[PDB]
Amino acid sequence: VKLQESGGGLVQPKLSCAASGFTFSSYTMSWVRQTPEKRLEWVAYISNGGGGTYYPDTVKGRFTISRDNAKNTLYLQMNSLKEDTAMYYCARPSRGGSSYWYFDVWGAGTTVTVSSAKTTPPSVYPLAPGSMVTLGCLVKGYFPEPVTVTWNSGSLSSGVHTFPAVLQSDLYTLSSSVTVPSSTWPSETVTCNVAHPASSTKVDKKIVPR
Amino acid sequence: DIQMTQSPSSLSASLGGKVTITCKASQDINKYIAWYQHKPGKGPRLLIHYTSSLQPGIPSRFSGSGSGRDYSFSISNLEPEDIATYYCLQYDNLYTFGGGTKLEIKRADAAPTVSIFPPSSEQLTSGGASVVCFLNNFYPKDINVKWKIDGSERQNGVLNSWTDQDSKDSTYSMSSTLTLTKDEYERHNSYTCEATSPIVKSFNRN
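Those protein sequences? They're chains H and L, same order as listed. Heads up: the first sequence is residues 2 to 14, 19 to 87, 89 to 136, 143 to 222, going by the entry's author numbering. Heads up: the second sequence is residues 1 to 196, 202 to 211, going by the entry's author numbering.
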C-alpha cells in the first residue's frame, strides 16, 4: 500500500496522487501541506463517491479537489497562489466509508513554490582541509528549494551534517559536512552528490586533497 | 472550521523525564483526536488515535487523555529518539491539525568540533571566495562564531545555519560561511574562525 505523488514545482503569483495496495473507491481522500514553518494543515477533502468536497477558509475558492476512481488517482488543482508555498501530501484515512477518519497512509510529498524569482541551478564546491577528518561541500546560489546532498551515493551516513539552507535573496546556499576516520580519505574516494530537481541538475564532486 | 490550540509550541526536558502537551478545541470533538510525530525527512507517524488508543508498535510511554474540549498527550521516561515535532489532529468533523510542539532533550555541555576550509579553486577562478567553518556536535545550541582576517575582526558577509537537535546525540551542529570576493580574498593571508575561552581554527594562504 503506497501513495505516489506527482509534482509540483515553481510558479509565479495541478498535483496528482497515484494509489495502490488498497481499494481506493472505498476510502475518502485528503490533501495536507507542510508549510516552511513546522506547521501541518488540512487543505482539501473528497469523499468515496467524489460528490463531497470540503476546503478550509484559508484556501477555499482557489483549490479544487477531485478524483478518478477508475484510475485510482486523486488530483488537486491550485489557483491564485501566494504563501501557498509548501510540501503537499495526499493522505488516506484509516478506515473505509464517508465518516472522517484520522490519516494512516501518507504520500512522499511534492513541493510547490510560489515566488517572483526564477529557477537557478546551484554551483557545487568541494571543501577539502588545507584520528578523523571532516570534509564538506558547499551548495551555492540555487532556487528554489529543495536540494538533496548525499555522500558516496548514500553509503556514508553516520557523521554527516547537512545544514538548513539560508536565503540571501534571492538565492539559497547550503553546506554539508561528513566526518570519516583518518586515512580512509584520501585513500578511499569521497564524493558528495547534489540534486536540484526544479532545474534537473545533478552534480557529483569528488573531494580532492590540497 | 474547528480550531485546535496546541501548547506549548516548544519543550525542553531532561532524559528520563516526562512531558505533557495539550490541545483545546473550539467545540466538543467527542474524543476524535489523534497525535502524530514528525521527524525531519520522514512522513508523519501516527502515535495515538481516539484520544488514548495507542498504535501497535508504540511504546507504553506514550499516552493520551481528555474529552469534550480538553485533551492531553504525554511522553514519559524521555529518550533521545523522542526528539521530534508533535501534532494533534481532530477528525470529529473534517480535519484540523494543532500548531505543533517541538521537543528538545537537555544534556551535558559539549564543546564543538571545529574545522575551517579555504575557498575551492573552482570558486576562485569564477571570482568568489567563500570560507567555511563547521562547529559540530556541541551543546547547548547558543554559540558564537567570530571571523578574523589578518588578525582583525571581519563582520560583513557571514551566513550562519544551525541544525536541529540530533536524535541520537542531543547535540547541535552549526555552519558559518564568510563570503568575500576573490579580489579581497587574495589581498590577505590568515583566516580564522573562533567559536565562543574560545576554540580557534585557522589557515594561511601559505
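Built from N, CA and C at the ideal position, the CB exists for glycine as well.
Near-chain L residues of the stretch 40-65 of chain H (beta-carbon distance less than 7 Å), N- to C-terminal order: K43, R44, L45, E46, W47, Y50, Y59, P61, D62
For a cutoff of 8 Å on Cβ pairs, would you count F175 of chain H as touching chain L? Residue 175 of chain H sits at position 163 when you count from the first residue of the first sequence. Yes - at least one Cβ of chain L is within 8 Å of the one on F175 of chain H.
If we ignore side chains and look at the alpha-carbon of each, how far apart do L133 of chain H and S52 of chain L end up? Taking the first sequence and counting its residues from 1, the one referred to as residue 133 of chain H is at position 127. Taking the second sequence and counting its residues from 1, the one referred to as residue 52 of chain L is at position 52. Spanning the two alpha carbons is a distance of roughly 50 Å.
If you compare alpha carbons, which of H:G9, H:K19, H:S25 is closest to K3 of chain H? Translated into the one-based positions of the first sequence, residue 3 of chain H becomes position 2. Selected option, being the one with the closest Cα: H:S25.
Cβ of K18 of chain L within 8 Å of Cβ of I58 of chain L? Here residue 18 of chain L corresponds to residue number 18 of the second sequence, with the count starting at 1. Here residue 58 of chain L corresponds to residue number 58 of the second sequence, with the count starting at 1. The answer is no: Cβ separation not under 8 Å.
In the DSSP output, what is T179 of chain L paired with across the bridge? Taking the second sequence and counting its residues from 1, one reaches residue 179 of chain L at position 179. L:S130.
Who are the near neighbours of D70 of chain L in its chain, counting only those whose CB is closer than 8 Å to its CB and skipping five residues on each side? Within the second sequence, the letter at position 70 stands for residue 70 of chain L. Excluding residues within five positions, the ones whose Cβ falls inside 8 Å are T22, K24.
Where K31 of chain L and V37 of chain H are concerned, what is the direct C-alpha to C-alpha distance, given to the nearest angstrom? Position 31 of the second sequence, counting from 1, holds the residue named residue 31 of chain L. Position 32 of the first sequence, counting from 1, holds the residue named residue 37 of chain H. Rounded to the nearest angstrom, the two C-alpha atoms are 22 Å apart.
Taking only beta-carbon atoms, is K148 of chain L less than 8 Å away from chain H? Locating residue 148 of chain L in the second sequence gives position 148, where the first residue counts as 1. So, not an interface residue.
When Cβ atoms are compared, which residues of the stretch 184-206 of chain H fall closer than 8 Å to chain L? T185, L186, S187, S189, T191
Between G98 of chain L and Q27 of chain L, which are expected to be in contact by the criterion C-beta below 8 Å, what is the C-beta distance as a whole number of angstroms? If you number the second sequence from 1, residue 98 of chain L lands on position 98. If you number the second sequence from 1, residue 27 of chain L lands on position 27. Incorrect: roughly 15 Å between the Cβ atoms, too far for contact.
Assess, as a yes-or-no matter, whether the stretch 118-125 of chain H is touched by the stretch 146-157 of chain H under the definition of 3 or more beta carbon pairs within less than 8 Å. yes
Quick one: list the residues of chain L neighbouring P158 of chain H, beta-carbon separation under 8 Å, in chain order. Position 146 of the first sequence holds residue 158 of chain H. Within chain L, no residue comes near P158 of chain H; the closest Cβ sits about 11 Å away, beyond 8 Å.
Is the CB of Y87 of chain L under 8 Å away from at least one CB in chain H? To locate residue 87 of chain L, count along the second sequence from 1; it is residue 87. Yes, because at least one Cβ of chain H sits closer than 8 Å to the Cβ of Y87 of chain L.
Can you tell me whether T85 of chain L is buried or exposed? The criterion is at least 16 other CB atoms within 10 Å of its CB, across all chains shown. Taking the second sequence and counting its residues from 1, the one referred to as residue 85 of chain L is at position 85. Burial call: buried.
If distances are taken between C-alpha atoms only, which option among L:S10, L:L78, L:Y139, L:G64 comes closest to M174 of chain L? Within the second sequence, residue 174 of chain L is the residue found at index 174, counting from 1. The shortest Cα separation from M174 of chain L among L:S10, L:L78, L:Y139, L:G64 belongs to L:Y139.
Beta-bridge pairing of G148 of chain H - partner residues as DSSP gives them: What you label residue 148 of chain H is simply residue 136 of the first sequence in a count that begins at 1. Bridge partners of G148 of chain H: H:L133, H:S189.
Would you mind sorting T196 of chain L into buried or exposed? The rule is 16 or more other CB atoms within 10 Å of its CB. Locating residue 196 of chain L in the second sequence gives position 196, where the first residue counts as 1. Under this definition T196 of chain L is an exposed residue.
Neighbour-count burial assignment, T196 of chain H, 16 or more Cβ in a 10 Å radius: Within the first sequence, the letter at position 184 stands for residue 196 of chain H. The residue in question, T196 of chain H, is exposed, as its Cβ has fewer than 16 Cβ neighbours within 10 Å.
Taking Cβ-Cβ distances shorter than 7 Å, what residues in chain H pair up with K102 of chain L? Taking the first residue of the second sequence as position 1, residue 102 of chain L is located at position 102. What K102 of chain L touches in chain H: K43.
Does any C-beta atom of chain H lie closer than 8 Å to the C-beta of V132 of chain L? As a working mapping, residue 132 of chain L is identified with position 132 in the second sequence. Yes, contact with chain H.
How about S21 of chain H and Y80 of chain H: are their beta carbons less than 8 Å apart? Against the first sequence, residue 21 of chain H aligns to sequence position 16. Against the first sequence, residue 80 of chain H aligns to sequence position 75. The answer is yes: Cβ separation under 8 Å.
Below-8 Å beta-carbon distance, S173 of chain L vs any chain H residue: Numbered from its first residue, the second sequence carries residue 173 of chain L at position 173. With 8 Å as the cut-off, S173 of chain L counts as an interface residue toward chain H.
Can you tell me which of L:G128, L:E122, L:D1, L:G41 puts its alpha carbon nearest to the alpha carbon of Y60 of chain H? Within the first sequence, the letter at position 55 stands for residue 60 of chain H. Residue L:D1 is the option with its Cα nearest to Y60 of chain H.
With a 10 Å radius around its C-beta and 16 neighbouring C-beta atoms as the bar for buried, classify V205 of chain L as buried or exposed. As a first step, residue 205 of chain L is located in the second sequence; it is residue number 200 there, counting from the start. By the 10 Å Cβ count, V205 of chain L comes out exposed.
Within chain H, the residues that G57 of chain L reaches when beta carbons sit closer than 8 Å: On the second sequence, position 57 is the one that residue 57 of chain L refers to. Under the 8 Å cutoff, chain H gives no residues; its nearest Cβ is about 13 Å from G57 of chain L.
Can you tell me whether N84 of chain H is buried or exposed? The criterion is at least 16 other CB atoms within 10 Å of its CB, across all chains shown. Taking the first residue of the first sequence as position 1, residue 84 of chain H is located at position 79. Label assigned to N84 of chain H: exposed.
Through-space distance from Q90 of chain L to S152 of chain L, alpha-carbon basis: Taking the second sequence and counting its residues from 1, one reaches residue 152 of chain L at position 152. Taking the second sequence and counting its residues from 1, one reaches residue 90 of chain L at position 90. Their Cα atoms are separated by approximately 57 Å.
Whole-angstrom distance between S129 of chain H and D216 of chain H, CA atom to CA atom: Looking up residue 216 of chain H in the first sequence gives position 204. Looking up residue 129 of chain H in the first sequence gives position 123. Each residue's Cα considered, the two are about 11 Å apart.
Listed by chain order, chain L residues near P128 of chain H by CB distance under 7 Å: Taking the first residue of the first sequence as position 1, residue 128 of chain H is located at position 122. Ordered by position in chain L, no residue passes the 7 Å Cβ test against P128 of chain H, which lies about 12 Å from the chain.
Contacts that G148 of chain H makes with chain L (C-beta to C-beta distance below 7 Å): The count along the first sequence starts at 1 and reaches residue 148 of chain H at position 136. Per Cβ cutoff of 7 Å: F117, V132, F134.
Determine the extent of the beta strand (DSSP E) in which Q123 of chain L is found, giving its start and end residues. Taking the first residue of the second sequence as position 1, residue 123 of chain L is located at position 123. No beta strand (DSSP E) contains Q123 of chain L, which is instead part of the alpha helix (DSSP H) from 121-124.
Where do the ends of the beta strand (DSSP E) carrying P198 of chain H lie? Locating residue 198 of chain H in the first sequence gives position 186, where the first residue counts as 1. No beta strand (DSSP E) contains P198 of chain H, which is instead part of the alpha helix (DSSP H) from 196-199.
I'd like the list of long-range same chain contacts for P8 of chain L, defined as Cβ closer than 8 Å, with 5 residues on each side in sequence excluded. In the second sequence, the residue the question calls residue 8 of chain L occupies position 8. Correct list, in chain order: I21, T101.
Segment contact flag, the stretch 90-103 of chain H with the stretch 176-189 of chain H, C-beta cutoff 8 Å, min 3 pairs: no
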